[PDB]
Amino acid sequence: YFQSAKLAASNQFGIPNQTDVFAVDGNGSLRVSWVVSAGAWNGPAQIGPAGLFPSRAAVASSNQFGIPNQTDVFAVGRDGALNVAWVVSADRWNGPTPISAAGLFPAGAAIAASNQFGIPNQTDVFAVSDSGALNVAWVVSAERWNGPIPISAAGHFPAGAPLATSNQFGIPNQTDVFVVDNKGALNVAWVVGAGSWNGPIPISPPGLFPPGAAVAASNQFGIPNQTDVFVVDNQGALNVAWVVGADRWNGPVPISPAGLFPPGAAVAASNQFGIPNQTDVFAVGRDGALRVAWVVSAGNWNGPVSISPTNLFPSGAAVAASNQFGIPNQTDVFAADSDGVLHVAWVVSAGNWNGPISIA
């Protein structure tokens, strides 16, 4: 029921011009759709057995850091174990295989994955366990997986809550994780180098965001030391909170009027490729229309502006965004309709938005 990221978009690392979009279908199998350069979309092709996941389980994806040609895809099975599936260059898929014990996470739990910044061959995978603790599992190069281990106290976050991860831009060796706590405050936890985890601490007031709220994070492109975090508040306003350097947090502050989005609506953020200093954030309004808001350097925010018809997507539906690999100046934003059918809208540099169109 949380508006977790049910779609994940990634380069298929090793195939520079390939873009993959991962989803779980109604049969509970993991699936991938893919395109090369400006060619035709393929799929959705099944990855592994049927019925391993709850339908519309959340997914995440990442390079396996240190293995340039490997893409990993994460999802929690029906049994509560975190799984990874992976592919090397253009070979056939491996897994999904479990990387936790069963019963640790809620089925289909939200997941987020990142490099542990400062450790160039380490991949971290985050999710909140059944006990309400933030957990991390991690792998170094081609070694075996470690964890998951708890990095917050139990009972801190809603089990399986949506979360996001980012470098704290400006601090080369810092990795942040963002999640809304049980009281409705946005929190951050962070780690510096191979060190120990700090936080989580609140970075908003309590009562502002619904527990389970979707979160996204990005550099504010063009500001090399700023990290932005996006969440929709209980009033239906899209907010941004942001941190510069090792200074204190700012916000959250609304960047839309109230009422536009369901509280906790799914959010995604990206560079607008071809515009080095622009950051875009996406969500779907209560009216079922996909929206974008954007900022250039240290400018004021623009939008939101509607980029699709009303009633196209479920209110607050999952969104993902990516470069269309091989088209350096193209940004794609993905969402699924009421029947699960993937759609894409896209823009080239400072051009007009196109679509959405339905795709394979």
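For every residue, the number given is its place in the sequence shown, counted from 1.
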Between 287 to 295 and 28 to 36, the record assigns the higher mean Cα B factor to 28 to 36
Going by the entry, of stretches 132 to 140 and 191 to 199 the one with greater average Cα B-factor is 191 to 199
Scanning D91, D176, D280, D72 for peak Cα temperature factor in the entry gives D91
Looking only at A127, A246, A266, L238, the Cα with the top B-factor belongs to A246
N146: C-alpha B-factor third of its chain, per the entry, is the highest
Among the modelled residues of its chain, the C-alpha B-factor of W301 falls in the third labelled lowest
For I99, the third of its chain by CA B-factor is the highest
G316: CA B-factor among chain residues, third -> lowest
Of the three thirds of the chain ranked by Cα temperature factor, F334 occupies the lowest
